[PDB]
């Protein structure tokens, strides 16, 4: 059985290229030796157990039409290092054990799949994961401990969702994280301890959200921070600004503008142009 129907196969490494055939299902008779499987740009609707072989290292399923990944689909892909399920606009939800088995996975792409929520334990056990792309879904909340096992995660992209709050332990377990992108949500509130333990984080984007203030304790929990983007938020330059203002007095970081939206008498000024005297009556 040497190459799946309408695909092209290569031997070093063992690769099966099945891109752009308008397939409705994953082709049959995948050689067990296959390490790279390229199924992007098809119209595949469902995935089931018994479809993928155990030697896969790379599996690209982006730009398909997936709506259901049945239980057990990925369970025996112990070796898998990269899984891209991005751009499946009707996917919508994932069952809680979808990634069980994938303890060697290093990159997981879930961008643009209409996810509105995730199971709280969906990323459990993904101890190898270094890159997780969840941008441009419709996510409304993230639970505490949603990433708690992801000790090696370096990039977490959550921009372009519908998040309103970051809770106390939403980022617990992310001790290796280097970049956290949360721009283009609707964030209104960040818990004072939401960034606790993010000791290696160097880049934080929070621009284009609905933040009127941010707690001073939270920036202080980012000792490694190098670049912060805070622009396109309705910053309140009243007594609420004092902790962020104070942090910026000491901070050595690159930053965007932090433009006051309110009160009218400070609208348009940068929050760093305020002086100690402006906060004396707080």
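Residue numbers count along the first chain shown, from 1.
Peer 1: Take the C-alpha B-factors listed in the entry for 2-10 and for 272-280, compute each mean, and give the stretch with the larger one.
Peer 2: According to the PDB entry, the answer is 272-280.
Peer 1: Return whichever of 36-44 and 242-250 has the greater mean Cα B factor according to the PDB record.
Peer 2: For C-alpha atoms only, the mean B-factor is higher in 242-250.
Peer 1: Going by the deposited entry, which of 73, 161, 114, 121 has the highest CA temperature factor?
Peer 2: In this record, 114 carries the highest C-alpha B-factor of the candidates.
Peer 1: Among the candidates 179, 183, 172, 92, give the one with the maximum CA B-factor reported in the record.
Peer 2: Of the options given, 92 has the highest CA B-factor in the PDB entry.
Peer 1: Can you tell me whether residue 96 has a C-alpha B-factor in the lowest, middle or highest third compared with the other modelled residues of the same chain?
Peer 2: Middle third of the chain for residue 96's C-alpha B-factor.
Peer 1: Should residue 24 be placed in the lowest, middle or highest third of its chain by the C-alpha B factor in the entry?
Peer 2: Middle third.
Peer 1: Sorting the chain's modelled residues by C-alpha B-factor, tell me whether residue 67 ends up in the lowest, middle or highest third.
Peer 2: Middle third of the chain for residue 67's C-alpha B-factor.
Peer 1: Please say which third, lowest, middle or highest, residue 16 falls into when its CA temperature factor is compared across its chain.
Peer 2: Within its chain, residue 16 is a lowest-third residue by C-alpha B-factor, going by the deposited values.
Peer 1: For the chain shown, is the CA B-factor of residue 199 in the lowest, middle or highest third of its modelled residues?
Peer 2: Its C-alpha B-factor belongs to the highest third of this chain's values.
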